[PDB]
Amino acid sequence: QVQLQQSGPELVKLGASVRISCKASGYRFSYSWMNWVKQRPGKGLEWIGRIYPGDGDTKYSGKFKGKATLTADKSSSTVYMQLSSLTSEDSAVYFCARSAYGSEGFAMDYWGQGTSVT
Amino acid sequence: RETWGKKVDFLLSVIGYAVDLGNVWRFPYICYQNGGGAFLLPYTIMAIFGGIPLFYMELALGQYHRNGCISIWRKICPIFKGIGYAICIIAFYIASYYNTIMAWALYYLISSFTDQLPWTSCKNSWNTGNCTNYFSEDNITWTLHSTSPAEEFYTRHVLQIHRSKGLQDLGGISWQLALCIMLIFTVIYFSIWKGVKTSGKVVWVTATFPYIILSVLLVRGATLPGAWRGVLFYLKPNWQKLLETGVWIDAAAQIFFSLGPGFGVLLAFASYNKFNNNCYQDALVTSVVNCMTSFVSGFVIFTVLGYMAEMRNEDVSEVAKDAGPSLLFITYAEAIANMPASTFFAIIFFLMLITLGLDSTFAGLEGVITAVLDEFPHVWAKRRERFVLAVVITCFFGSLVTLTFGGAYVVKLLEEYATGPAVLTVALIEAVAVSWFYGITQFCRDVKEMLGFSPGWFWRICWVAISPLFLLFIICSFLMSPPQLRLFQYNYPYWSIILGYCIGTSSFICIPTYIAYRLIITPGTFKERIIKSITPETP
Amino acid sequence: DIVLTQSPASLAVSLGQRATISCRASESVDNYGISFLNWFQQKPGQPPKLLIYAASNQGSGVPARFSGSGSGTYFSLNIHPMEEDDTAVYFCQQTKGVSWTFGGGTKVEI
Ligand SMILES: *[C@@H]1O[C@H](CO)[C@@H](O[C@@H]2O[C@H](CO)[C@@H](O)[C@H](O)[C@H]2NC(C)=O)[C@H](O)[C@H]1NC(C)=O
Ligand SMILES: CCCCCCCCCCCCCCCC
Ligand SMILES: CCCCCCCCCCCC
Ligand SMILES: CCCCCCCCCCCC
Ligand SMILES: CCCCCCCCCCCC
Ligand SMILES: CCCCCCCCCC
Ligand SMILES: CCCCCCC
Ligand SMILES: CCCCCCC
Ligand SMILES: CCCCCCC
Ligand SMILES: CCCCCCC
Ligand SMILES: CCCCCCC
Ligand SMILES: CCCCCCC
Ligand SMILES: CCCCC
Numbered sequence: 020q021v022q023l024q025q026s027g028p029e030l031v032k033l034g035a036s037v038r039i040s041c042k043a044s045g046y047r048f049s050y051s052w053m054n055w056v057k058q059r060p061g062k063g064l065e066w067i068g069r070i071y072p073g074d075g076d077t078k079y080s081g082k083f084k085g086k087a088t089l090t091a092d093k094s095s096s097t098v099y100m101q102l103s104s105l106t107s108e109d110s111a112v113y114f115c116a117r118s119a120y121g122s123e124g125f126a127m128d129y130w131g132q133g134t135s136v137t
Numbered sequence: 079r080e081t082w083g084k085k086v087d088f089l090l091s092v093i094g095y096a097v098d099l100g101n102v103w104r105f106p107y108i109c110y111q112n113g114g115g116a117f118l119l120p121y122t123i124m125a126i127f128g129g130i131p132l133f134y135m136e137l138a139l140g141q142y143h144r145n146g147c148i149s150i151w152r153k154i155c156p157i158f159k160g161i162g163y164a165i166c167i168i169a170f171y172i173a174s175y176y177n178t179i180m181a182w183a184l185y186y187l188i189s190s191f192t193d194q195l196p197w198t199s200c201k202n203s204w205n206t207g208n209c210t211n212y213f214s215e216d217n218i219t220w221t222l223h224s225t226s227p228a229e230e231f232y233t234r235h236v237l238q239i240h241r242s243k244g245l246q247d248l249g250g251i252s253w254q255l256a257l258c259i260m261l262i263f264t265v266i267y268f269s270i271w272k273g274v275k276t277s278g279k280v281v282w283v284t285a286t287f288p289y290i291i292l293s294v295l296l297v298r299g300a301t302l303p304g305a306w307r308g309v310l311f312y313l314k315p316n317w318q319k320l321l322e323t324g325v326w327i328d329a330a331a332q333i334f335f336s337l338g339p340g341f342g343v344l345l346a347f348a349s350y351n352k353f354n355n356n357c358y359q360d361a362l363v364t365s366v367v368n369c370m371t372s373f374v375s376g377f378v379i380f381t382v383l384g385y386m387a388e389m390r391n392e393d394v395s396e397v398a399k400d401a402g403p404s405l406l407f408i409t410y411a412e413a414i415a416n417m418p419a420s421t422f423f424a425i426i427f428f429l430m431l432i433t434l435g436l437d438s439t440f441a442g443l444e445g446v447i448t449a450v451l452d453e454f455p456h457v458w459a460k461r462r463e464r465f466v467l468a469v470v471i472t473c474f475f476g477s478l479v480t481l482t483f484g485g486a487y488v489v490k491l492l493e494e495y496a497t498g499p500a501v502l503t504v505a506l507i508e509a510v511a512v513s514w515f516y517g518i519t520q521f522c523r524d525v526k527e528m529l530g531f532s533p534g535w536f537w538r539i540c541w542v543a544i545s546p547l548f549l550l551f552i553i554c555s556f557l558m559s560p561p562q563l564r565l566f567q568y569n570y571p572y573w574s575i576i577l578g579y580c581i582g583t584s585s586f587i588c589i590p591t592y593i594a595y596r597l598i599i600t601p602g603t604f605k606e607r608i609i610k611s612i613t614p615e616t617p
Numbered sequence: 021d022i023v024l025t026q027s028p029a030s031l032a033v034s035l036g037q038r039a040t041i042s043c044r045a046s047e048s049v050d051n052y053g054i055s056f057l058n059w060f061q062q063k064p065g066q067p068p069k070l071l072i073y074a075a076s077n078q079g080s081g082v083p084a085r086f087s088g089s090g091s092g093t094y095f096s097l098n099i100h101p102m103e104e105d106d107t108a109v110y111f112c113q114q115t116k117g118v119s120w121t122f123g124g125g126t127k128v129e130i
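Quick note, the sequences are listed as chains B, A and C, same order. End of the first sequence = 137 in the deposited numbering, gap-free, step of one. End of the second sequence = 617 in the deposited numbering, gap-free, step of one. End of the third sequence = 130 in the deposited numbering, gap-free, step of one.
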């Protein structure tokens with residue numbers, strides 16, 4: 020079993036920045052990807068970006084290349100995502116989709132409870 | 079004769095363009111497959127016994143008779159003419175399975191264009207499972223069923239062995255490698271369009287790279303920790319693996335692949351623009367410099383193998399035990415992946431490897447493009463465009479089974495059955511013919527009157543008993559002991575041995591075919607037939 | 021950015037009936053024999069869990085009721101033994117190159 024926890028509820032502030040803590044435990048930390056999906060309340064889903072713990076690669080979708088950054092830390096085995104210029108329609112939840120170990124390329128059920136911002 | 083200056087100058091003026099895949103790629107793989115150290119002494123003794131005499135004999139024949147690799151037998155033996163067809167078939171097989179290494183190397187060169195090295199990127203970039211990037215940067219011991227990132231790259235990108243479950247079921251065709259081999263064939267076609275190269279300019283610009291890149295790779299491997307374990311394993315006599323191991327077959331194959339004889343290439347390179355120009359010395363210095371470059375390549379491979387074994391805390395002869403041609407690429411990737419300017423050195427090494435393989439394979443087709451000119455000078459000597467294109471198309475259509483997903487399943491088979499018994503028996507037939515059918519004293523008189531200095535007494539005793547008996551013993555040891563091929567977690571079935579024996583027979587059965595075809599042409603009794611056929615016709 | 025949208029929009033709940041979901045991937049081709057496609061299941065008030073990966077194998081801790089097939093462009097989903105407890109929304113995700121993007125999603129309601 021691999022535990023995975025996230026931060027708590029936060030408030031949306033116009034033009035400010037927030038930090039979402041996401042620490043993994045019970046598995047190889049700096050060996051697989053760590054996705055960051057967005058789920059709007061009631062609406063569909065969308066992708067933001069991905070970062071490999073170890074400063075290897077840092078990819079993005081294209082709609083959040085500058086509005087969302089990704090930071091890894093192999094010491095405490097935590098992954099942060101510092102937002103920027105929060106808007107009114109950005110009030111949603113974010114997960115920590117741990118990618119598979121390679122060839123398969125899936126999320127092995129280790130989805131956090133999600134941090135809601137309002 | 080020691081530190082006089084002339085010798086070191088002659089060696090420095092020869093080390094530039096005296097390196098081929100037979101001594102930088104074929105020698106390390108064979109030496110590490112049969113165990114390092116225990117192969118150097120058999121290799122060098124088989125060389126000094128039967129590789130230099132045959133080389134000198136082929137050079138003398140090509141320099142005296144002034145004929146092609148097939149038309150030279152019209153003055154030697156009218157019956158032993160099928161050896162030319164055997165040489166042509168062997169060269170076709172080579173150019174079929176030898177260009178796949180160039181295809182893989184050029185694909186590596188293309189993939190090395192990215193500033194980020196794909197070798198050290200197995201973190202699900204495209205797809206890679208069960209890999210360990212950090213060797214010592216994580217302080218974690220090596221776990222069971224773990225493969226290096228470069229090994230996973232070579233096993234999943236350039237040679238997708240996961241698509242084919244085995245040799246019995248080969249997958250489709252890789253377009254990314256098909257286009258690579260097509261570009262390689264387009265390049266090789268635009269270089270033999272004329273067919274003359276004796277004082278060219280490209281030789282210098284392709285020879286100036288190795289003299290520096292080999293030295294920089296050697297010092298990089300020397301300044302790498304853990305290399306002391308690999309050097310000791312490379313200089314181990316290991317007398318226990320020499321008595322009754324039957325390893326001399328691989329040594330002889332490596333010798334005949336690196337030196338040149340046995341493929342019909344010395345005759346073509348000797349029957350043009352040369353006559354009585356410092357004989358009995360050029361062949362010796364070429365063999366010496368080839369052996370020196372081979373030893374340098376073996377050392378630069380083993381100094382990296384030592385580091386690879388020390389970083390895993392396991393035996394040196396176990397890291398790559400079920401590995402075929404993957405020994406060179408993985409080693410070079412792991413060696414270049416620890417350099418400051420790693421991408422530039424990698425692209426330079428890949429480009430020089432491509433140009434070296436091209437300059438090496440230019441000699442393979444050179445002995446077949448000129449073989450039909452001296453045999454059919456009335457139909458093929460006037461076109462010069464309808465034959466090279468035909469042989470290129472035939473090679474492309476014959477090198478397609480080695481381009482499937484089961485690449486190493488075919489290259490490994492043709493690496494011990496297409497040149498193992500075939501080249502050996504061809505060299506044996508040639509040697510025994512030149513010895514008994516033509517006459518040792520006759521050839522000695524010819525070389526004495528064309529050179530002005532009779533060869534030594536040691537050379538005369540070689541071609542009569544040394545080479546033929548050793549080659550016969552090697553052939554008997556091969557026939558009375560079928561090899562056992564084994565790739566990564568794979569065992570070849572029983573029909574693989576039959577397929578290899580059939581492959582190693584079609585390239586030799588043509589000689590008895592021509593023998594039976596020659597006697598049925600001339601009339602008369604068998605005695606008169608052999609009497610009139612053994613003696614050569616009027617020139 | 022290889023976009024991928026599902027063709028259906030909504031279906032009905034019925035015990036023991038066939039219902040397939042297709043994913044439009046016309047601008048996509050199989051890379052190395054493994055179909056880089058995934059299937060998720062998101063219940064109201066629950067994070068989405070893995071349902072089927074690679075369009076051929078079964079997910080972790082998923083019953084044998086779900087099964088998928090297909091290769092290349094079109095992919096289907098066999099949910100023949102469907103009950104009321106499977107009234108969730110399923111998505112479609114492709115993972116070829118740097119193009120990871122989810123789909124629209126399909127719901128079921130009688
Ligand atoms: C890396 O790990 C994987 C699984 O985590 C290994 O895959 C399996 O290997 C065992 C034996 O080692 C086989 O019995 C299984 O059938 C394999 N799984 C599948 C799906 O085929 C793999 O061997 C390990 N080593 C590598 C990839 O080099
Ligand atoms: C790989 C090492 C090659 C070394 C080659 C040395 C050749 C020495 C030839 C000596 C021939 C002596 C003939 C004496 C005749 C009376
Ligand atoms: C994406 C650009 C690929 C360019 C490939 C160039 C290959 C040059 C090979 C030269 C061989 C001598
Ligand atoms: C992307 C992998 C390398 C692709 C190289 C294509 C080269 C095409 C050459 C066509 C010659 C006719
Ligand atoms: C001792 C093993 C003998 C194997 C013989 C295989 C068949 C050789 C002749 C093939 C003719 C095409
Ligand atoms: C650690 C021992 C290194 C020995 C290097 C020898 C190089 C010989 C070049 C001819
Ligand atoms: C089962 C197919 C074997 C093909 C061998 C080609 C050399
Ligand atoms: C044809 C020019 C070759 C220069 C060295 C390339 C590696
Ligand atoms: C000019 C076309 C030659 C085709 C040869 C096929 C063997
Ligand atoms: C698709 C055919 C590839 C070559 C098969 C040779 C037996
Ligand atoms: C044209 C070639 C004649 C000899 C064929 C031997 C197989
Ligand atoms: C090898 C030739 C066999 C037949 C000989 C007939 C004289
Ligand atoms: C037997 C081969 C002749 C040249 C094509």
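Even for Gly, the Cβ is constructed at its ideal location relative to N, Cα and C.
Practice task
Return yes when the Cβ of A/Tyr385 is within less than 7 Å of the Cβ of A/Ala300, no when it is not.
Solution key: Here residue 300 of chain A refers to the residue found at position 222 of the second sequence. Here residue 385 of chain A refers to the residue found at position 307 of the second sequence. Result no, Cβ atoms of A/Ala300 and A/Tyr385 do not sit closer than 7 Å.
Practice task
Whole angstroms is fine: what's the gap from A/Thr497's alpha carbon to A/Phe334's?
Solution key: Within the second sequence, residue 497 of chain A is the residue found at index 419, counting from 1. Within the second sequence, residue 334 of chain A is the residue found at index 256, counting from 1. When rounded, the distance between both Cα atoms is 9 Å.
Handout entry: C-alpha gap between C/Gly88 and C/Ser80, whole angstroms
Key = What you label residue 88 of chain C is simply residue 68 of the third sequence in a count that begins at 1. What you label residue 80 of chain C is simply residue 60 of the third sequence in a count that begins at 1. Between C/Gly88 and C/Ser80, the C-alpha separation is close to 15 Å.
Practice task
Report whether the distance from the Cβ of A/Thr472 to the nearest heavy atom of ligand 9 is below 6 Å.
Solution key: On the second sequence, residue 472 of chain A is found 394 positions in, with the first residue counted as 1. Because some heavy atom of ligand 9 lies under 6 Å away, the Cβ of A/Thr472 counts as near it: yes.
Problem - Segment contact flag, the stretch 103-122 of chain C with the stretch 60-68 of chain C, C-beta cutoff 8 Å, min 3 pairs - result: yes
Handout entry: Contact test: A/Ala300 Cβ vs ligand 6 heavy atom, cutoff 6 Å
Key = Stepping through the second sequence from its first residue, residue 300 of chain A is reached at position 222. A/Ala300: yes, Cβ under 6 Å from ligand 6.
Handout entry: Proximity test, A/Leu237 beta-carbon vs ligand 4 heavy atom, cut-off 6 Å
Key = Along the second sequence, one-based indexing puts residue 237 of chain A at 159. No; taking the cut-off as 6 Å, the Cβ of A/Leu237 has no heavy atom of ligand 4 nearer than that.
Problem - Length of the line joining the Cα atoms of A/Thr448 and A/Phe465 - result: Residue 448 of chain A sits at position 370 when you count from the first residue of the second sequence. Residue 465 of chain A sits at position 387 when you count from the first residue of the second sequence. Cα to Cα, the separation comes out at about 11 Å.
Exercise for the section: Pick helix, strand or coil for C/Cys43, following the three-state DSSP scheme. Expected result: Position 23 of the third sequence holds residue 43 of chain C. Three-state DSSP puts C/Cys43 in a strand.
Handout entry: When A/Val343, A/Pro561, A/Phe521, A/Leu565 are compared against A/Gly442, the one with the closest alpha-carbon
Key = On the second sequence, position 364 is the one that residue 442 of chain A refers to. Cα-wise, what sits closest to A/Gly442 is A/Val343.
Handout entry: Spatial neighbours of A/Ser375 in its chain, beta-carbon cut-off 7 Å, leaving aside the 5 residues before and after
Key = Taking the second sequence and counting its residues from 1, the one referred to as residue 375 of chain A is at position 297. Result list for A/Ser375: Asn101, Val102, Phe105, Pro106, in chain order.
Problem - Enclosing alpha helix (DSSP H) for A/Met180 [first to last residue] - result: Taking the second sequence and counting its residues from 1, the one referred to as residue 180 of chain A is at position 102. Here the alpha helix (DSSP H) through A/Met180 covers 177-189.
Practice task
Starting from the N-terminal end, write out each residue whose C-beta falls within a distance shorter than 7 Å of any non-hydrogen atom of ligand 10.
Solution key: Those residues that have a beta carbon less than 7 Å away from any non-hydrogen atom of ligand 10 are, in order along the chain, A/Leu248, A/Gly250, A/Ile251, A/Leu478, A/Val479, A/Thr482.
Exercise for the section: Report the residues of the stretch 41-62 of chain B with a CB closer than 9 Å to any CB of chain C, ordered along the chain. Expected result: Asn54, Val56, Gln58
Problem - Closer than 6 Å: A/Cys166 CB and nearest ligand 13 heavy atom - result: Counting from one through the second sequence, the residue named residue 166 of chain A turns up at place 88. Because some heavy atom of ligand 13 lies under 6 Å away, the Cβ of A/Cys166 counts as near it: yes.
Practice task
List the residues of chain B that A/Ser199 touches, going by C-beta distances under 9 Å, in chain order.
Solution key: On the second sequence, position 121 is the one that residue 199 of chain A refers to. Residues of chain B passing the Cβ test: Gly75, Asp76.
Practice task
Please confirm whether any heavy atom of ligand 12 lies closer than 6 Å to the CB of A/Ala594.
Solution key: Within the second sequence, numbered from 1, the residue matching residue 594 of chain A stands at position 516. Because some heavy atom of ligand 12 lies under 6 Å away, the Cβ of A/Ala594 counts as near it: yes.
Practice task
Run the proximity test for A/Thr439: is its beta-carbon closer than 6 Å to any non-hydrogen atom belonging to ligand 8?
Solution key: To locate residue 439 of chain A, count along the second sequence from 1; it is residue 361. No, the beta carbon of A/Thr439 sits no closer than 6 Å to any heavy atom of ligand 8.
Practice task
Return the chain-ordered list of same chain residues with a C-beta closer than 6 Å to the C-beta of B/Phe114, the five sequence neighbours on each side being excluded.
Solution key: Taking the first sequence and counting its residues from 1, one reaches residue 114 of chain B at position 95. Closer than 6 Å at the Cβ level, and outside the excluded window around B/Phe114, lie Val56, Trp130, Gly131, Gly133.
Exercise for the section: Determine, using beta carbons only, whether B/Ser122 comes closer than 7 Å to chain A. Expected result: One-based indexing of the first sequence puts residue 122 of chain B at position 103. Taking Cβ atoms only, chain A reaches closer than 7 Å to B/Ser122, which makes this a yes.
Practice task
Decide if the stretch 283-303 of chain A is in contact with the stretch 450-470 of chain A; the criterion is three or more beta carbon pairs, one per stretch, under 8 Å apart.
Solution key: no
Exercise for the section: Might you give, ordered along the chain, the residues of its own chain that have their beta carbon closer than 8 Å to the beta carbon of A/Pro303, omitting 5 neighbours on each side? Expected result: By 1-based counting over the second sequence, the position of residue 303 of chain A is 225. If we look at A/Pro303 and ignore the five residues flanking it on each side, its Cβ neighbours are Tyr385, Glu388.
Exercise for the section: Give every residue of the same chain whose Cβ lies closer than 7 Å to the Cβ of B/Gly27, excluding the five residues on either side of it in the sequence, and list them in chain order. Expected result: Here residue 27 of chain B refers to the residue found at position 8 when the first sequence is read from its first residue. Excluding residues within five positions, the ones whose Cβ falls inside 7 Å are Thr134.
Exercise for the section: Could you tell me the distance, in whole angstroms, from the CA atom of residue 16 of chain C to the CA atom of B/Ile70? Expected result: Look at the range of chain C in this structure, 21 to 130, and you will see that residue 16 of chain C is not part of it.
Practice task
Could you say which of A/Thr233, A/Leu184, A/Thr81, A/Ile165 lies nearest to A/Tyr487 if we only look at CA atoms?
Solution key: Numbered from its first residue, the second sequence carries residue 487 of chain A at position 409. Answer by Cα proximity: A/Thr233.
Exercise for the section: May I ask whether a heavy atom of ligand 11 can be found less than 6 Å away from the beta carbon of A/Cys109? Expected result: Position 31 of the second sequence, counting from 1, holds the residue named residue 109 of chain A. No, since every heavy atom of ligand 11 falls outside the 6 Å radius drawn around the Cβ of A/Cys109.
Exercise for the section: Mind listing which residues have their beta carbon within less than 5 Å of any non-hydrogen atom of ligand 5? Chain order is fine. Expected result: A/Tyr579, A/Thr583
Problem - Listed by chain order, chain A residues near C/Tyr52 by CB distance under 9 Å - result: Start at 1 with the first residue of the third sequence, and residue 52 of chain C comes out as number 32. Neighbours of C/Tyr52 on chain A, chain order: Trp204, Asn205, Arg234, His235, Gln238, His240, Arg241.
Exercise for the section: Give a yes or no on whether the minimum CB-CB distance between C/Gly125 and chain B is below 7 Å. Expected result: What you label residue 125 of chain C is simply residue 105 of the third sequence in a count that begins at 1. Residue-level contact by beta carbon holds for C/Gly125 and chain B, with a gap shorter than 7 Å.
Practice task
Please classify B/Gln58: does DSSP put it in a helix, a strand, or coil?
Solution key: One-based indexing of the first sequence puts residue 58 of chain B at position 39. In the structure shown, B/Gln58 sits in a strand (DSSP, three-state: E or B).
Handout entry: Nonlocal neighbours in the same chain, by C-beta distance under 6 Å from A/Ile130, ignoring five residues either side
Key = Translated into the one-based positions of the second sequence, residue 130 of chain A becomes position 52. Here the set comprises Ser365.
Practice task
Compute the distance between the beta-carbons of C/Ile54 and B/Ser122, then report whether it is under 7 Å.
Solution key: Numbered from its first residue, the third sequence carries residue 54 of chain C at position 34. Numbered from its first residue, the first sequence carries residue 122 of chain B at position 103. Their beta carbons are under 7 Å apart, which means C/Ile54 touches B/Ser122 by this criterion.
Handout entry: A/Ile262 and A/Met180 closer than 7 Å at C-beta
Key = For the purposes of this step, residue 262 of chain A is taken as the residue at position 184 of the second sequence. For the purposes of this step, residue 180 of chain A is taken as the residue at position 102 of the second sequence. Cβ atoms of A/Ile262 and A/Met180: closer than 7 Å.
Exercise for the section: Give every residue of the same chain whose Cβ lies closer than 7 Å to the Cβ of A/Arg298, excluding the five residues on either side of it in the sequence, and list them in chain order. Expected result: On the second sequence, position 220 is the one that residue 298 of chain A refers to. Contacts found: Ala413, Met417.
Problem - Separation of A/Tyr495 from B/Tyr120, as counted between CA atoms - result: Counting from one through the first sequence, the residue named residue 120 of chain B turns up at place 101. Counting from one through the second sequence, the residue named residue 495 of chain A turns up at place 417. In this structure, the straight-line span from the alpha carbon of B/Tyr120 to that of A/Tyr495 is close to 40 Å.
Exercise for the section: Give the straight-line distance between the Cα atoms of A/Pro120 and A/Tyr358, rounded to the nearest whole angstrom. Expected result: For this step, residue 120 of chain A is matched to residue 42 along the second sequence. For this step, residue 358 of chain A is matched to residue 280 along the second sequence. Rounded to whole angstroms, A/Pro120 to A/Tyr358 spans 25 Å at the Cα level.
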